[PDB]
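Here it is, the structure, as structure tokens.
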Amino acid sequence: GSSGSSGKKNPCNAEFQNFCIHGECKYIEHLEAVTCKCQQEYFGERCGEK
């Protein structure tokens, strides 16, 4: 239809806030799945270890 962003909010800071310890979080829409990017120092899924 048309635009109309109604209340924008990501699960990265709603429910999965306690997931991405140290890293950039990006909720995937096309896949409806949340992920946690780990920097060079960090690794894994949550990216808690560096």
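Start at 1 and count along the chain as shown; that gives each residue its number.
Method of determination (from the header): solution NMR.
Each Cβ is built from the backbone N, Cα and C atoms, and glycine gets one as well.
Here's the feature list from Swiss-Prot:
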type     : residues    : note
DISULFID : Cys12-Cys25 : disulfide bond
DISULFID : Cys20-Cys36 : disulfide bond
DISULFID : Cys38-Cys47 : disulfide bond
DOMAIN   : 8-48        : domain 'EGF-like'
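Okay, so the PDB entry annotates it like this:
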type   : residues : note
SEQADV : 1-7      : expression tag
Which of the disulfide-bonded residues listed here (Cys36, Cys38, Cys47) have a Cα atom within 10 Å of the Cα of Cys12 (disulfide bond)?
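Candidates kept after distance check: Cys36.
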Using a Cβ cut-off under 8 Å and a sequence separation of 6 or more, which residues in the same chain sit near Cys38 (disulfide bond)?
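Spatial neighbours, sequence-distant, of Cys38 (disulfide bond): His22, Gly23, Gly44, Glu45, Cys47.
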What are the helix, strand and coil residue counts for the expression tag (1-7) according to DSSP?
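Final tally across the stretch: 0 helix, 0 strand, 7 coil.
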Given a separation of at least six residues and a C-beta threshold under 8 Å, show me what packs close to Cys36 (disulfide bond) in the same chain.
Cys12, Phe16, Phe19, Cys20, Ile21, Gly23, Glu24, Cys25, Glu45, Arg46, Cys47
Determine, from DSSP, whether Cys36 (disulfide bond) sits in helix, strand or coil.
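Its secondary structure by DSSP: strand.
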Treating G and I as helix alongside H, and B as strand alongside E, what does DSSP give for the domain 'EGF-like' (8-48) in helix, strand and coil?
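The breakdown for the domain 'EGF-like' (8-48) reads 3 helix, 10 strand, 28 coil.
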